[PDB]
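K.L.:
Sharing a structure here in structure tokens format.
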Ligand SMILES: [Mg+2]
Ligand SMILES: [Mg+2]
């Protein structure tokens, strides 16, 4: 059922993806690379004292604080959902091999018994109503670009000046490029305007993953992560194999002379993709105004900040169901891309812009190095983009694509299983829009708070409440999938956007509280995804600009966890045993140094200003800007702090671009 074409790096089709510069050529050729991360300045992830510390601490905390999760996946008591063995990885050393990305997810969806389009007219109206509500009365804003981010295919530039030029040029030439694509002239659009080509596959670490201790043997077991070989990826699973990647770290002693303590493993590696910047810039110019609309008008469902902000909504509910979606990005349906595009055309959006948007979600993928002696292959033909990868992580609107799919998927689940009396309110497009507008503002007896694949579904008192309880029971039983669209289950230890919903003896939302996840504190402090990048002079360009700052926001973020104090004492005791030093003093010194360094980057901050004007969100984001890509948004961060991490193209250039895209 159609194997995707594949081209080696030597092929002209792959060569055309990399510009005639050292950075682009190095990216094309880069072989498999691995190494210990510099966890903190002058400390490697594989340091014997650090691994001794991790062994003692993970064992102690699991022993003294076993998980408190009930039969319905509700967290209670200590606020712990699993063991603390997730920290036991040799950070910087990945599992081998990483997966080859699936060129087509059509068979994957069909075999999982998931729909190839909207099941009913009601569902079709709801998905289309979501497009009309999300993309309608948008306001232009400056196009913000992350400092130090790559432009990927074809230039691979990390320079802000070059990035601004590329983005401004892209906004000027998007119409001409989109019109060429409408004529089927993809090669011309790419050659002239660098809009097309492929996504560049980057493999990212998921630093902590499940590890269990087998009581029978006293030996640790890592969670098996299934990977697809090249044959499986190109055939969409028709041929080739899906097998467990090797997390065995024994190899590090032989290859690198690194001592590997018992029960320490190689890290899980996830595919991530970087988009061709010239294609992403015109998409981002529309995506940011869309986020501003949904986070303002539909703030109830979509805008999530603090644990108390979430708590105020959830406390009003009679029932709260914390859902889980299996492999969201790979299962994301191409028919939704086509439905979105069709509806934007119906609204009066520029056909050339819709074509660029459509193309961004069908683009080929360049596979770098999943393992030693593997990769350097382009999947799909850039002359006619036709891939069905699901949702590409580096696309300019991925968060919105996951949010649109999932928000409607959950609403449909609530309609099907709990509220058939509301079906009469969804008769046509105007009534579908009126109903969805009301639902998204939290005005109906069925409610939700969501972001992509993370959500909490609510029921107030009323006719739907009884159905709500049956749906929860169906999820607990786990025999029937409640959705025709995605694989839905209940979360084992309900949480929403990093905050655990802590229930009491009553097991009711009214008396439940949102608390920080203590395991996330440990993940962030002892298993960061990236090293400190001490060689990158401009700190704002680093993946972890100011790691020391997270100590100042720790109490605000995690202080509400029942075992907060216990964990900090256990850390201090174990760090003393391992290093013969105070961890608290070590972090206080790092906090002082990073606070001083920060003033160099903030115009409003004098030579030794201090953190007085900064919020806990500001501090968490300066230590980890990745939180700005999955947890928070621009409006949640102080203006002077957002400027440290991002730079923009003028609103004058974006305003003119947006006028040409949008309906009359
Ligand atoms: Mg899952
Ligand atoms: Mg959830």
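K.L.:
With bins 5 Å wide starting at 0, give me the P(r) of region 488-540 over every alpha carbon pair, in whole percents.
P.N.:
Histogram of Cα-Cα distances, whole percents per bin: 4, 15, 16, 17, 15, 9, 8, 6, 5, 3, 1.
K.L.:
On each of the three principal axes of the Cα atoms of region 25-99, give max minus min coordinate, whole Å, ordered largest first.
P.N.:
Cα extents, longest axis first: 54, 32, 20 Å.
K.L.:
Moving to a separate point now. Among the DSSP beta bridges whose two residues both lie in the chain, what percent are antiparallel, rounded to the nearest 5?
P.N.:
DSSP beta bridges in the chain are roughly 85 percent antiparallel.
K.L.:
Computed over the Cα atoms, what is the radius of gyration of region 407-473 divided by 2.2 N^0.38 Å, N being its residue count?
P.N.:
1.05
K.L.:
Taking Cα pairs under 8 Å and at least six residues apart, what relative contact order does the chain come out at, in percent?
P.N.:
Once normalised by length, the contact order is 22 percent.
K.L.:
Percent relative contact order of region 187-325, based on C-alpha pairs within less than 8 angstrom and at least six residues apart?
P.N.:
25 percent
K.L.:
Is region 452-597 rounded, prolate or oblate when judged by the Cα gyration tensor, a ≥ b ≥ c being the square roots of its eigenvalues, rounded requiring a/c under 1.5 and prolate requiring a/b larger than b/c?
P.N.:
Because a/c hits 1.5 or more and a/b exceeds b/c, region 452-597 counts as prolate.
K.L.:
Pop out the Kirkwood hydrodynamic radius of region 245-354 from its pairwise C-alpha distances, inverse of mean 1/r, in Å to one decimal.
P.N.:
19.7 Å
K.L.:
Can you figure out the FRET efficiency of residue 216 with residue 476, using R₀ = 30 Å and their beta-carbon distance, to the nearest 0.05?
P.N.:
Computed FRET efficiency for residue 216 and residue 476: 0.60.
K.L.:
Related question: Calculate the length of the line joining the C-alpha centroid of region 616-643 to that of region 403-464, in whole Å.
P.N.:
Cα centres, region 616-643 to region 403-464: 30 Å.
K.L.:
Given the Cα-Cα distance of residue 72 and residue 327 and 0.36 nm per residue of separation, how much length would full extension add, in nm?
P.N.:
Extra length from residue 72 to residue 327 when fully extended: 89.6 nm.
K.L.:
Now for a different question. So if I take the centroid of the Cα atoms in region 318-372 and the same for region 191-226, what is the distance between those two points in Å?
P.N.:
After rounding, the separation between the Cα centres reads 21 Å.
K.L.:
Roughly how many whole Å is it from the C-alpha centroid of region 153-187 to that of region 261-312?
P.N.:
Using only Cα atoms to place each centre, the spacing works out to 23 Å.
K.L.:
Now, a different point. With contacts defined as alpha carbon pairs under 8 Å and 6 or more residues apart, what's the relative contact order of region 514-664 in percent?
P.N.:
26 percent
K.L.:
What does the convex hull of the Cα atoms of region 421-510 come to per residue, in Å³, rounded to a whole number?
P.N.:
Taking the convex hull of the Cα positions in region 421-510, it is 138 Å³ per residue.
K.L.:
Moving on. Given the rule -39500 (n - 2.57) for each run of at least 4 DSSP H residues, summed and divided by the residues of the chain, what is its mean residue ellipticity at 222 nm, to the nearest 500 deg cm²/dmol?
P.N.:
Result for the chain: -12500 deg cm²/dmol, rounded to the nearest 500.
K.L.:
Another question, if that's okay. Which distance in nm do the two modelled labels at residue 248 and residue 585 give, with both placed 7 Å along the Cα-to-Cβ direction?
P.N.:
4.4 nm
K.L.:
Still on this structure, I have one more. Looking at region 86-157 from every direction and averaging, what is the projected area of its Cα convex hull in nm²?
P.N.:
If you wrap the Cα atoms of region 86-157 in a convex hull and average its projections, you get 10.9 nm².
K.L.:
Regarding region 571-664, what whole-number volume in Å³ per residue does the convex hull of its Cα atoms give?
P.N.:
Convex hull of Cα atoms, per residue: 143 Å³.
K.L.:
Report Rg (one decimal) and Dmax (nearest whole number) for the chain, counting Cα atoms only, units Å.
P.N.:
Taking only Cα atoms of the chain, I get Rg and Dmax of 24.7, 70 Å.
Using ideal geometry, Cβ is built from the backbone for each residue, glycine included, and neighbour counts are taken over all protein chains shown. A short reminder: the numbers here are calculations on the coordinates, not readings from a lab.
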